[PDB]
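J.: Sharing a structure below in structure tokens format, with a few things to ask.
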Amino acid sequence: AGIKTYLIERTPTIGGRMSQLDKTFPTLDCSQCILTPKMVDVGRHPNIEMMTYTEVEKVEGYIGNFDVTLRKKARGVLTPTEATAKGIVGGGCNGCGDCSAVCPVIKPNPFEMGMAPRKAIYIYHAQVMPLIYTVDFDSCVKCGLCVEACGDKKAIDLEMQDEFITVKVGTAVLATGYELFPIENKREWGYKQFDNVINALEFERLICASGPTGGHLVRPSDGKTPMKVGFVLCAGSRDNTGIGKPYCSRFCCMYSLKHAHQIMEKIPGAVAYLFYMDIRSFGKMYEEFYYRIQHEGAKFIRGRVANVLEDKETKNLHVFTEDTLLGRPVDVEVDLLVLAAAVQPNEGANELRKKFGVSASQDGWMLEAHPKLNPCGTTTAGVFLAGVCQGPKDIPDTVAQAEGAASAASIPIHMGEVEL
Amino acid sequence: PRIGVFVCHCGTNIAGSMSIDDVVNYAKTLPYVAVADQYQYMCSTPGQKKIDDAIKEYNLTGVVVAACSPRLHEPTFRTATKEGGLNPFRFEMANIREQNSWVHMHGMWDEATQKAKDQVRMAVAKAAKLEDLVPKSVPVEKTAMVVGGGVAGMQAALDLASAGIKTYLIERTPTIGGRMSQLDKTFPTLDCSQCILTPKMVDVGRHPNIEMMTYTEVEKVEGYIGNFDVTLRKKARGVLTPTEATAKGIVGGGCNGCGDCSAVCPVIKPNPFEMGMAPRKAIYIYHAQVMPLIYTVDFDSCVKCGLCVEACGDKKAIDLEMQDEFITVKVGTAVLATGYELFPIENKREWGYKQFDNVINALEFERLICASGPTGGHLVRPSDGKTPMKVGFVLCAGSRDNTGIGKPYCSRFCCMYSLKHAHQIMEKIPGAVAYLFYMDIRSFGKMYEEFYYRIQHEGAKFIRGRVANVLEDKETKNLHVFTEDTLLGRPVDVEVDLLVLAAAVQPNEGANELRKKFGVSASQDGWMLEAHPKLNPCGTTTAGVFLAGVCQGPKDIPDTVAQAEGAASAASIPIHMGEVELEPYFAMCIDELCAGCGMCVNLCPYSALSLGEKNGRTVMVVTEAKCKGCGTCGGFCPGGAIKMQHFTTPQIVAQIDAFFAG
Amino acid sequence: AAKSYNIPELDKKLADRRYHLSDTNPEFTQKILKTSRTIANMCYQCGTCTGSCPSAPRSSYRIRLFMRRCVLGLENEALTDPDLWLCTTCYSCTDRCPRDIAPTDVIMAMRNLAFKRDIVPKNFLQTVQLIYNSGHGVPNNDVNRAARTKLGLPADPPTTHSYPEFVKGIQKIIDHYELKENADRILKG
Amino acid sequence: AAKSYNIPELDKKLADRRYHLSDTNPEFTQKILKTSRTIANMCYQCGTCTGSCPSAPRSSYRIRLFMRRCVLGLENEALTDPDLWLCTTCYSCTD
Amino acid sequence: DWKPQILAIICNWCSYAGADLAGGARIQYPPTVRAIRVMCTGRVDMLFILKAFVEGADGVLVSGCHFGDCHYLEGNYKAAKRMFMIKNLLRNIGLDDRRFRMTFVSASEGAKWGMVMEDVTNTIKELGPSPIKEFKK
Amino acid sequence: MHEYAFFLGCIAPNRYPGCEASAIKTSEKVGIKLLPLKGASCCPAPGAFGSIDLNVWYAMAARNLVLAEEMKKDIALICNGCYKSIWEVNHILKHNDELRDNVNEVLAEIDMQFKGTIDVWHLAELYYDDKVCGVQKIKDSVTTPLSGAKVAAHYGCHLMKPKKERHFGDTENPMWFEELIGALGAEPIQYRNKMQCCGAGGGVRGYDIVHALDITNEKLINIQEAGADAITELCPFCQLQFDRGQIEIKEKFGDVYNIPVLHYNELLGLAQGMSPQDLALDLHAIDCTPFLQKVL
Ligand SMILES: Cc1cc2nc3c(=O)[nH]c(=O)nc-3n(C[C@H](O)[C@H](O)[C@H](O)COP(=O)(O)OP(=O)(O)OC[C@H]3O[C@@H](n4cnc5c(N)ncnc54)[C@H](O)[C@@H]3O)c2cc1C
Ligand SMILES: Cc1cc2nc3c(=O)[nH]c(=O)nc-3n(C[C@H](O)[C@H](O)[C@H](O)COP(=O)(O)OP(=O)(O)OC[C@H]3O[C@@H](n4cnc5c(N)ncnc54)[C@H](O)[C@@H]3O)c2cc1C
Ligand code: SF4
Ligand code: SF4
Ligand code: SF4
Ligand code: SF4
Ligand code: SF4
Ligand code: SF4
Ligand code: SF4
Ligand code: SF4
Ligand code: SF4
Ligand code: SF4
Ligand code: SF4
Ligand code: SF4
Ligand code: SF4
Ligand code: FES
């Protein structure tokens, strides 16, 4: 639309959760393939000031001028532009990888939900948009091998500190997303205590071809291929006991169907069992997706899982519930159990929405101006909501909400005046 | 020519199916190839840098990338080719992943390698003959059109107008508002629908940047992203607004909405707003809160008695001889917001919709329960006018149905509105009980699960069983609902006073005609199709047309409004710029080869071709703006006098020849 | 349900009621699909079939339960159920199923498998005997011959009651499938 | 299930298995709610209780079925069931 | 010693999308067909097909959108008429007309694209090497 | 005069011969000619024989079909169960190739082949069609009014259901059979759940007589409540159930209805002037004499 824009991301790369997704319901497209184009557009757009690995320290002002102070965290590595500004003609970071080839520290990768190693100097994945190789200063030992590997490019500055910048903006759009609810609190499903119980983002990384495995789903306990996989739907959701969330997370029925399809097509002869309590395929082509999954042969057992026991020797998981339609208790022994955990507002989202003056819903998500006729704007003028931060949604609904918020934020900028 | 061949591994997605080294050596030995080289991720910044360095070092004329599909990465590598001193259109891809690797993974490796060599050879042959194109930029008219005056149309119109673009709002009916104007209360917050919408209807009616054209249709559309020449049919309303009356010369005014005309009209007909439950005269408004309060005349039912004009008197707003006027409007973009109608549930004979008096559907129930409806807001039985005490709600009525009668999809909001109606009856009739015969309660949205909890707490009975059939008691007119309580495990026979069917929704009447006028395709489900189902749910494949609301698929008022504002933003993108670049695939006539036969002229669906005078000779003339690059004309012309810009006959024939080269 | 005790009444009382994955017979499911010629694995347990059945309100017969057993492969639960022979094949369930399933055709296939494992009521075997002997499930008798004569019709209808040479062909058809050789064996007991 | 025949074995064999609205006892439901001091009318039949019961795998006892009977008011179905005394009150369902 | 040489000319908006979808879904088929990718099948001139057959295509396949689903409103009706006439010409010049066919593959029919690939390969294998390659000399 | 092979299954010739006699006479009075089928047998009764073995069901129904195939004629039926067997096996074997093959190599042991060349019709379907005798032609042929009689129709299940496999239209509330009874001059009445099974199908009549009789008794109660004076039907199974089962209900339960059960062909004969003796109404368990007093 022509407005200069700042894109603040706390992490060293843009993309979000959809960059972690492997295939997307209900069209089964590769997530990175459909998103990499848009990441390139964002990275190349002259009207976008992409500021990754940066946070919002403080906000003051109003609809007219928001004096937003940003914290530029010490990335430790210089982009070519910043290197030329500092005087290094040879450039900054070209993403060769020699630094991480020689770094001796090895730490878990948060992008891979911890399943995979990454050095102290690292990128999340090979398709990160700013391919600039952050340094993790909480874990770097300043051995200096990385700078020797980088050589004449001189992109690594191990003494970099948090720089602060103050930016004046007219409007602001909040798009903080979500995290998975901590399902280790539900002790009856032995999430942290049994090896072969995982959650749906770890399953999505295990099934992706770019993940810690070669795209091969294997059992965490011994590295063998599963042949029976259970999907516990509603894990921590529609739950009024005070531990889980009392709401529906919207997409967990759909992504569990996707994962059942993926296992049944990737491991020949494997069977998927879905322990469900209201299959919710409400969107466009969702019911047809549900029909197709049942046709390919996923077993749908209408019963909320009661508890899970681990076999002491085979590490197999005994899932106990009742088949409510059959009318009998069941004991399904699976090689791998996947929990479709609830989602909750991201870490620090409440801090950021208090900085911007936004309130919260009953559910804990950011509140909108009018729940029916204004789902993007907030009560504080000049701030708009977009994405899962306002409530869980699929990528189509998230994008519609994001463009709606962009339109609402453009309304006062195009006019150039606002009346208080 | 000097061509560079760059073969991506796609991170073993291609190197795990063929021999990339062998493909590269073959490319090196190919004719015209200056440099052949490989990289792990050619779509990444080091890959573009590799392309650019190769261009600069080897003085490359063109670039061939043996990688994924063009439909995925033409823009990326065209921009990479531009940055480097070439034209974007000196570039050609060889799809060796989605059409070689992923389909020849298993047990066949040298065969996939030979296929890759063939594809690279054909790509090099085309690229050695590509030459420079510059995309056409066309001006964009600074107006916009919104077809549909429901919540999605009104939101899109208000958004565009407040962004500053002049907007036309076309509504086939005499009033804006849509279905939400018929709704009585709204889930999950229980607000009054008209109370929340009337503010926005007033905004639309008062906005200076919105040309609200009610009771008007779209006869025909021609043009493209730049200028859409849209012809509108202004149906004979029969009554003049004050502005039109002053224009025609009546100083005293036009219609002020007094109501004397309908007070004296003797014809009485059903009201479509009230789903037929209520009478309305031949001259009428739907409800008292219609935005243009202008009192249409229904000419199919008027008897021209002339009492209305005598009642109107000196205002002289009624013109009984008015005819359909036609207007042509030029617009830059268009937003389609046609909404929906209820699926005809009388086809499902086991639920006696038309044959039993006390079986209604959910919009008739919403009008019966509204305080502005045919009743005084009192739900009464249609058979005898008595108050019901047991009400059944048949959920999924005609939905998730693969028998060919109903719809195979979920209508999204029918579980939620049935919960709302159960609450409304249990709170409005003391002691009444609501029974919901359900098969997957779907309360997925924000506060929806809490709404479901609250309804169960107030005491609605939830019986998990799809209704099998309905029998009517011959004397009391009560309805015997037969199904199985699947959780209880027994058949049931619940006798209710009123049965409400939560019927499926389908695209509105005439929506397919309108989307064919605008060039939009349809989905598997029958709704209008979007450009990309994940990352572009508003735009369509035809440029300059955008979707908003239930017309793209069923949705609640929150999702509909988000979609409408998204569509308004997408329609504003090209208007604010004022330029838009077309893809240079146009047909170009070579005049000193054209013989003027004129036979190609009728092969263009877009009428881009015509016969004109150039240098005395009658030759063919291409309106390069109207051409879309299909190639039908250029595939027809026997003399080869039509050139297709990036898919020329020499290029395609070079590809064929290279395929058969050994 | 702790284990097998080999005391028959206690085994009956403490039978394991809990479904295990060892209980599924995919071969049984595939045989049912082939014989019934219907998409039975696509049931989503809406209950319309049971809600329409005329046998359900007066018995323990549940066609939806039989569909679930078919889907889960519960052979020896479906076949031995005495409420497998209470279906009148009225086809109301098939008329109304939203998934285009023929539950009554699934019932018919189940009945065929039950016969092949020798569970079958005796009226069926007696009808087999009658059709083998005369080609007619309801054969003629002397009083009806007299009634037909008094009417004016021939004492026997134009069927295999009056053309006994086609009975031999009917018998060869039945013998090819061994229906008589199984019916008489089962009746002998 | 056509009507009452007054032949006890045939009445037992052809007992009406079909739930009617005449079968509901709201007074029974209210007494249960008062005495139990629990929100029993809010069950949505997930089956977790039966899936956790130790009496269910060896009998016809179904606590979820008893909850459904409570919700629907099926007095004389809940009370006369001999599997009302197979609950060990282990509280796993409540847990 | 002999491998069939089959050439496909597939439109961009339904047949290329369908082939891409088949690849994405990992539907395997034999590697005998190589495609050209024009915008519409209306672009396909008769001389393209005849040039392929005279260079020695053992088979030629032209794949496009279903009737009523052309991206450019009616460009595959023109292609259908052209290919009917091409079928007639090949029959009357004495070449086997089943070496040529035109399939209508939508954007979502990756499975049908795989089946088309298999069937075209099988038919050409039954037919054998084209006679033009030896009739030229 | 259209000509059809007359299949004539087991119950009409051997228990209710007046049904077949009136069929031939009334069909000849209207423009239809019913030709005997040469050596036809039991259509393998769909319940009691299909429940046992579907392959032998197919083989016997196909043999019955190829008899009329050699006759080169179209089958005409008067039984809903026989319609199920004959018509449905004809339809299945006209489209399923492997089943054609299997049935043909079974039938080749008796020098006999199925090719699928004929069509199967129910006699009431022919009476309703307009090309063949229509409702107006039935009204024309009627000579005794049969006025002042309330008559309840039982459609049965195997003629009309499933509607995805037949072509008779709505199964929830059809009125076509009510038009044929209205043509005769008798007023057809509507009763609760008129589309309910009589209970005799599928072999239940034999397996569990009490269950089948309870299903029948539900219907009889509804019909008496409506006020019927007879029950017309288009099936000898359903007639046998409604006729014998009234006696078995009177003995096993304590319910008395005494409602005559007549095939539509018997009512058509009564309307066209055939005598009760010529219709053999003395062969029914339930006396028809009150109904005869009313309509005569
Ligand atoms: C296992 C799983 C599978 C799924 N599968 C599908 C699927 O197949 N199809 C589908 O359509 N949807 C799917 N979804 C849902 C989908 O992931 C969401 O719809 C979508 O990611 C929403 O994106 P978002 O931008 O709103 O949030 P996010 O993707 O979470 O993005 C939020 C971004 O903001 C950043 N951020 C957070 N807080 C701050 C802060 N204070 N300052 C700066 N930056 C911040 C985060 O680092 C992140 O980059 C799935 C979800 C899960 C959990
Ligand atoms: C019984 C019922 C209850 C509901 N309750 C709720 C609720 O409580 N809460 C909620 O959020 N949602 C509810 N919904 C859903 C809600 O109605 C929709 O989300 C919403 O109305 C979508 O609006 P729309 O503008 O897209 O379509 P519509 O409201 O249908 O508007 C479309 C408009 O376009 C016009 N139009 C159509 N074709 C043409 C044409 N060719 N040319 C010109 N104009 C045309 C129509 O006349 C109409 O004015 C309910 C739906 C139903 C059926
Ligand atoms: S070695 Fe230097 S240039 Fe290369 S990736 Fe590491 S920091 Fe970047
Ligand atoms: S300084 Fe040492 S520990 Fe730190 S990133 Fe460089 S090599 Fe790794
Ligand atoms: S989306 Fe499905 S799995 Fe997720 S909480 Fe809602 S009902 Fe449960
Ligand atoms: S250009 Fe295509 S093939 Fe190459 S790495 Fe990128 S996505 Fe993979
Ligand atoms: S009488 Fe005239 S001014 Fe008044 S409402 Fe009618 S048309 Fe309008
Ligand atoms: S002319 Fe007569 S019928 Fe027509 S609107 Fe006026 S009063 Fe009514
Ligand atoms: S929204 Fe609910 S009632 Fe409507 S079709 Fe979907 S599941 Fe059925
Ligand atoms: S371009 Fe070709 S077809 Fe068109 S007028 Fe000229 S010669 Fe004729
Ligand atoms: S390519 Fe030819 S036929 Fe197609 S739109 Fe352009 S001018 Fe018209
Ligand atoms: S009606 Fe069909 S879908 Fe529903 S339970 Fe019966 S067989 Fe399953
Ligand atoms: S066919 Fe059998 S299962 Fe189906 S409704 Fe009739 S009796 Fe019940
Ligand atoms: S009582 Fe049992 S069935 Fe009901 S919600 Fe609680 S655990 Fe689920
Ligand atoms: S208390 Fe224990 S025994 Fe009783 S119902 Fe609950 S889980 Fe079962
Ligand atoms: S777009 Fe494919 S045939 Fe025209």
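Chains as they are written, first to last, in the entry's author numbering: chain A, 169 to 588; chain a, 7 to 668; chain C, 2 to 190; chain c, 2 to 96; chain F, 4 to 140; chain B, 1 to 296.
Note that beta-carbon positions come from the ideal geometry of N, C-alpha and C, so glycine has one too.
Can you name the residues of chain F whose CB is closer than 8 Å to the CB of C198/A?
T.: Indexing the first sequence from 1 puts residue 198/A at position 30. Chain F residues near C198/A: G27.
J.: Rounded C-beta distance between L22/c and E501/a? I'm assuming under 8 Å.
T.: As a working note, residue 22/c is residue 21 in the fourth sequence. As a working note, residue 501/a is residue 495 in the second sequence. Going by Cβ atoms, the distance from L22/c to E501/a rounds to 6 Å, so yes, they are a contact pair.
J.: Nearest by alpha-carbon distance to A115/C: which of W86/C, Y92/C, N142/C is it?
T.: Along the third sequence, one-based indexing puts residue 115/C at 114. For the set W86/C, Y92/C, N142/C, the Cα lying nearest the Cα of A115/C is the one of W86/C.
J.: Taking three-plus beta-carbon pairs below 8 Å as touching, is the stretch 10–28 of chain c in contact with the stretch 218–236 of chain B?
T.: no
J.: Would you say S111/F faces chain a, with C-beta separation under 9 Å as the test?
T.: Start at 1 with the first residue of the fifth sequence, and residue 111/F comes out as number 108. So yes, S111/F belongs to the interface.
J.: Using only the alpha-carbon positions, how far apart do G22/a and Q31/F sit?
T.: For this step, residue 22/a is matched to residue 16 along the second sequence. For this step, residue 31/F is matched to residue 28 along the fifth sequence. In a straight line, the C-alpha of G22/a is about 15 Å away from that of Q31/F.
J.: What distance in whole Å lies between the Cβ atoms of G635/a and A340/a, which are believed to be in contact at a cut-off of 8 Å?
T.: Residue mapping note: residue 340/a aligns to position 334 of the second sequence, counting from 1. Residue mapping note: residue 635/a aligns to position 629 of the second sequence, counting from 1. That pair is no contact at about 21 Å.
J.: Any residues in the stretch 63–94 of chain c with a beta carbon nearer than 9 Å to a beta carbon of chain a? Which ones, in chain order?
T.: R65, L66, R69, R70, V72, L73, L75
J.: Find the nearest neighbour of residue 297/B within the set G31/B, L34/B, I52/B, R63/B, judged by alpha-carbon distance.
T.: This structure cannot speak to residue 297/B, because chain B is shown only from 1 to 296.
J.: Closer than 9 Å, CB to CB, is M60/B near chain C or not?
T.: Within the sixth sequence, the letter at position 60 stands for residue 60/B. Closer than 9 Å: yes.
J.: For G244/a, I'd like the list of residues in its chain whose CB is within less than 6 Å of its CB, leaving aside the five on either flank, ordered along the chain.
T.: Mapped onto the second sequence, residue 244/a falls at position 238. So the qualifying residues of the chain are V303, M328.
J.: What would DSSP say about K287/A, mapped onto helix, strand or coil?
T.: For the purposes of this step, residue 287/A is taken as residue 119 along the first sequence, with counting starting at 1. Of the three classes helix, strand and coil, the one that applies to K287/A here is strand, per DSSP.
J.: Measure how close the beta-carbons of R59/c and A2/C come, nearest whole angstrom, since I'm counting them as under 8 Å.
T.: Mapped onto the fourth sequence, residue 59/c falls at position 58. Mapped onto the third sequence, residue 2/C falls at position 1. With a Cβ gap of about 4 Å, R59/c and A2/C count as contacting.
J.: I'd like to confirm the pairing. Which residues does DSSP put opposite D491/a in its beta bridges?
T.: Start at 1 with the first residue of the second sequence, and residue 491/a comes out as number 485. In the DSSP output, where bridge partners are listed per residue, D491/a has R496/a.
J.: Could you have a look at residue 118/A and say whether DSSP puts it in helix, strand or coil?
T.: In this structure chain A extends from 169 to 588, so residue 118/A is not present and cannot be described.
J.: Quick check on DSSP: helix, strand or coil for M594/a?
T.: In the second sequence, residue 594/a corresponds to position 588, counting from 1. In this structure, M594/a counts as strand in the three-state DSSP scheme.
J.: For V210/a, go through chain A and note every residue whose CB falls closer than 8 Å to its CB, in chain order.
T.: Here residue 210/a corresponds to residue number 204 of the second sequence, with the count starting at 1. In chain order: nothing, as chain A lies at least about 13 Å away.
J.: Of all the residues that make up the stretch 14–35 of chain C, which are near chain c by a beta-carbon distance shorter than 7 Å?
T.: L15, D17, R18, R19
J.: Any beta carbon from chain C within less than 9 Å of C288/B's own beta carbon?
T.: In the sixth sequence, the residue the question calls residue 288/B occupies position 288. No, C288/B lies away from the interface with chain C (no Cβ there is under 9 Å from its Cβ).
J.: If you measure from the beta carbon of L442/A to each beta carbon in chain C, is any gap under 9 Å?
T.: For the purposes of this step, residue 442/A is taken as the residue at position 274 of the first sequence. Not one chain C Cβ lies under 9 Å of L442/A.
J.: Give the residues whose C-beta lies closer than 5 Å to at least one heavy atom of ligand 16, in chain order.
T.: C14/F, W16/F, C17/F, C43/F, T44/F, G67/F, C68/F, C73/F, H74/F, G78/F, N79/F
J.: Mapping DSSP to helix, strand and coil, what is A251/a?
T.: For the purposes of this step, residue 251/a is identified with residue 245 of the second sequence, where counting begins at 1. In this structure, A251/a counts as helix in the three-state DSSP scheme.
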